[PDB]
């Protein structure tokens, strides 16, 4: 599994990809059969096609900004967690505070992603 330093780099690179909205590059960061639970509590979506559709819906159709709002917290077992803020228009300018928890596989790809947030974390 990716080292703690590597996890930091990868999770930071995920945020940068969300920030520019490069759907294909985001999807490539995931394992081919990865799961996404976003928001955590909802049923997982499975596989790169479903994940691509998810990101197309959520990012496509307008400017989205995303910045880390604190450092990535990495483990020594290929996992990490990070706090960030996503700015969008829905549907005025709003911001959502999120924490992503990720588990990576032996190939450095995201196997599971869990995005913790609820409506309390949204601001118009």
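Positions refer to the first chain, counted from 1.
Engineer: Name the higher of the two by mean Cα B-factor in the PDB entry, 33 to 41 versus 54 to 62.
Structural biologist: The entry gives the higher C-alpha B-factor average to 54 to 62.
Engineer: Pick out which of 94, 26, 68, 99 has the highest C-alpha B-factor in the PDB entry.
Structural biologist: Among 94, 26, 68, 99, the PDB entry lists the largest C-alpha B-factor for 94.
Engineer: Relative to the other modelled residues in the chain, which third contains the C-alpha temperature factor of residue 82: lowest, middle or highest?
Structural biologist: Lowest third, going by the recorded CA B-factors of the chain.
Engineer: Residue 89's Cα B-factor: lowest, middle or highest third of the chain?
Structural biologist: It falls in the top third of the chain.
Engineer: Looking at the C-alpha B-factor of residue 103, is it in the lowest, middle or highest third of its chain?
Structural biologist: It falls in the bottom third of the chain.
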